[PDB]
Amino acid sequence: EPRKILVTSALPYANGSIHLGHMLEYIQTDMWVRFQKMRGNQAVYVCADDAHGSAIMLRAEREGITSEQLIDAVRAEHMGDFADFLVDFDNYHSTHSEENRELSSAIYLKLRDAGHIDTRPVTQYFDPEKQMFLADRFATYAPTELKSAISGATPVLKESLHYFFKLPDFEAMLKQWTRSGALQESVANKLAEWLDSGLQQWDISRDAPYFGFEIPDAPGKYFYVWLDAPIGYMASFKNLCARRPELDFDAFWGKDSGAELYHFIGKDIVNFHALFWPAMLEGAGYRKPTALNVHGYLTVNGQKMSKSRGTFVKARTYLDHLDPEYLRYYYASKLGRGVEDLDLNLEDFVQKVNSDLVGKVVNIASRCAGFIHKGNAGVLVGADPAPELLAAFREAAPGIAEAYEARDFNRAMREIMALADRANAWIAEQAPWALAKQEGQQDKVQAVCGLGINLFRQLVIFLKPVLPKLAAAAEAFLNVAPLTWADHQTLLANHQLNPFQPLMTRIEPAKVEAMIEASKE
């Protein structure tokens, strides 16, 4: 039977553009989702904009527009960037939605009646040296407007009631769940620092003015953005189930759920997804996630992204100059099971993509297709010129799937390009361009280029989750139904091809520099 898989990515904040560092997470997630879809599994990919908090109030104020105005414009822009980068969500919702308002309040109310909510007064005191108000830890709250000394009648001591999630109530459960396999060992041991220290109650309320959901029965008190943000996951899925009759909420979020749930996140936000989130789900009556998939961050030419050096590239700025599949492949070629950083070496970016994709994959196709087109009216002739070469492709497939399954895209691209390298070399060894000029060798020409195109179909199957647009164009040329992973098991013989679709041009280094220049501020 197929696997039911609900996959999410972190919800970007609704206060700025998506940049190429953010894009690494969504490309990682989308590629994994597309692979599971090819494998015949029910993989559902949901995300949303994170539209609350002082983060949004600051930008809304900085631009003289309302908070609703900003997040609406921003959600449109984020969805356009993701879509153009071929990141295909099943739903892209918003933490500022009626589903999130009800889910947050229903979860809160259940947790409260179970005794997992606490009320205590937080004190803030003015520090004359640091010249600002500090919180009573026993840091300051994030500012909501743009803005000190001890004034005569001005208080030096604020106080306000806050609402706490009694996270320590789940410490035993969390001590077990964090080491259950849901986290990679590196992740679990870095996270366990909070556990070694002892969990603390979590401040989930903010005072007015705050752009967010109001807390039931606490007038003037709002949920902190990080309280409702992960509930955006459930909200995004609940909103989707209204339009997808085959998707049942309880089937994915009930404690009994036999479905898998994965959160792709960056390493900076593990504590929210690994401590508060699974405690919240268990206390509220839902299943905990199957695993967190944690990733590192992006560097460009060996250094941190620089707005001054022009290596802090907006997704739209990339898309103005370059094919998105360039970057999708480059990321795939370095994305690993680990949690390390990933470097975009711009010179290596051009050499690697041109040599691997255009050179080893696209050119095997266009060269061979031309001979089938001109020499046999476009009918691919079936033959067995190089059985050992073909068997290698068969032997390699389940391993490439294992890499995909385990998020080891690096290994997967490696295995694929090794097959590409070997197939390409055999074609060159045959030299159909030379056989085509010899009289009485036309059968040989079609035998060779038939295998060539067959192997290109195999490479497209293997690369489809990285290059879904290229795959679509390839399926048009190959004149086949959309490719499943199981299609690798069959071959085209005696098959009418369509005209050759353009698949990918080389990366022009001028365009890469034009992208960097456009990003210098």
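When you see a residue number, it is the position in the sequence shown, counting from 1.
In this entry, 435-443 has the higher mean Cα B-factor, the comparison being between 80-88 and 435-443. When the C-alpha B-factors of 327-335 and 351-359 are averaged, 351-359 comes out higher.
Of the candidates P289, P398, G181, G382, the deposited coordinates give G382 the top C-alpha B factor. Comparing the listed residues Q176, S160, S104, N293, the entry records the largest Cα B-factor for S160.
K267: CA B factor lies in the middle third for its chain, per the PDB record.
Looking at the C-alpha B-factors along this chain, the one for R59 belongs to the highest third. Ranked by C-alpha B-factor against the other modelled residues of its chain, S306 falls in the highest third. For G232, the recorded CA temperature factor ranks within the lowest third of the chain's modelled residues. Among all modelled residues in its chain, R3 ranks in the middle third by Cα B-factor.
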